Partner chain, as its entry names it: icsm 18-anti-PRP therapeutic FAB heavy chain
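Coming up is one lone chain in structure tokens, specifically the form solved without its partner chain.
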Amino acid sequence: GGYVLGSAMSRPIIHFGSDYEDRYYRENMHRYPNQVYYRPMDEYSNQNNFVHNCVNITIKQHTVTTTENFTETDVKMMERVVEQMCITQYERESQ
């Protein structure tokens, strides 16, 4: 439960097999978050535990905070960029 908001970060490029989605992500990635919520304490915790929690709390926060925006495509792309940033954030933490 002891989580913080991490610093803004470069959005990673996510790849898709479908040409449409692959290009859609590139053209729309500015619409997604560029920071994530995690637990500093998820330290030396294993990566999967940290990322599991970071993804859950981060997506939850964006649901609430977002008081015609997103479609099914955007939701899943947002989830993937959030996961990658959580992994990056865990590397930041490791030592």
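Positions refer to the first chain, counted from 1.
In this entry, 40 to 48 has the higher mean Cα B-factor, the comparison being between 40 to 48 and 24 to 32. Relative to its counterpart among 11 to 19 and 70 to 78, 70 to 78 has the higher mean temperature factor, C-alpha atoms as listed in the PDB entry.
The next section is about a form of this same protein that is not shown, the form solved in complex with its partner chain.
Interface residues of 55 to 90, taken as those with a heavy atom within 4.5 Å of its partner chain in the deposited bound form (partner not displayed): 69, 71, 73, in sequence order.
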